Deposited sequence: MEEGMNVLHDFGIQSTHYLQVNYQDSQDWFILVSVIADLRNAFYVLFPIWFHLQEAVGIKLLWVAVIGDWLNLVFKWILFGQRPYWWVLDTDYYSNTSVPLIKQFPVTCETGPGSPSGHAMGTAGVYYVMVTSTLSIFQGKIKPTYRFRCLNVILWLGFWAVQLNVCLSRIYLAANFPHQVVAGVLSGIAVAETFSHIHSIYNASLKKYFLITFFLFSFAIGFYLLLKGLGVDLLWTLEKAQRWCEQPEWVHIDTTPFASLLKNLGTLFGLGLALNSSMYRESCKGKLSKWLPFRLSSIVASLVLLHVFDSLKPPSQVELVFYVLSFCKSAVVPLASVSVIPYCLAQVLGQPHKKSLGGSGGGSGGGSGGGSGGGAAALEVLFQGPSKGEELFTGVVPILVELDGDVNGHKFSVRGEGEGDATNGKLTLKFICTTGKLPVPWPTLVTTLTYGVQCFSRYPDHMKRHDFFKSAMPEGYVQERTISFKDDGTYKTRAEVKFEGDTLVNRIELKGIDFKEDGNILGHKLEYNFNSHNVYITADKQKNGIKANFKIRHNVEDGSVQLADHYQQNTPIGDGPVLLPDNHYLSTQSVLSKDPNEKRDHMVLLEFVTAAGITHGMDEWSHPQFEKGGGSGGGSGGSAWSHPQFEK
């Protein structure tokens, strides 16, 4: 368990050093890839687009994203993985040998273990869902050429995300592969479970409560036993060079709370009374209606993302993050379409 992991870590460090030294004129592109792969874009830019066209795709997209993120946190907690930016400066493995230089970027101070890659998991799951849904829509309309093109695009996206994660020295190469495989598995599993559409608010509430209870109880039980699951928060602050790069939005509680909040918000929004009256005033099948809904949702959500909850106190930050992430599904399905109905169509 010792040598088998030390060899793998050394291989990862060597690969990161190679990528950083011999491909120096690509760093901005890799940063851009690592920025547009965050799940915030899957909850703010992709759900509004896919919900107004084949709503089932949007519902499946949100369910896959949320459950994949929760499984990612659980596996991160139970697997006890390292990261290749506090390892070279800490390990004793390089005694009697030169220390390979590694360059750190402002997007390379992550608080939390990285046994499965976080960006790769979500990207693989969401984009697999998107590609499969797009293929399923167009089957009725040289379809094999379309299959080839979309699968090539999806695999190119996955490979670019993997190289971006490795290049920044944020994760090891043996973690992005696991993330991609697990994301594909989760996407397939929720592809083959058609039992989440006709769901009442009670099921959504109970599911969110069960997930929250399991996470908190597991963490508290491990702490009571003696195991600390928040060891990485100490390491991230020390081995980060500039101390202003470590944030609080990339800690393994804000992500969980935001995922639970957006799940609860979607559940409340679907069962609301305003969603029932979508097909009133003006029929929802109109192409201009769908385009206007998409445009208004995107613009208002992008402007509303400018609000940042205060982080002086952690409990206030947590509650405000929950209440803020619970609104983004509630405003694109039940409020904006109602306003469009009441404004135009008469």
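- In sequence order, the deposited residues that have no C-alpha coordinates form the ranges 142-146, 352-648.
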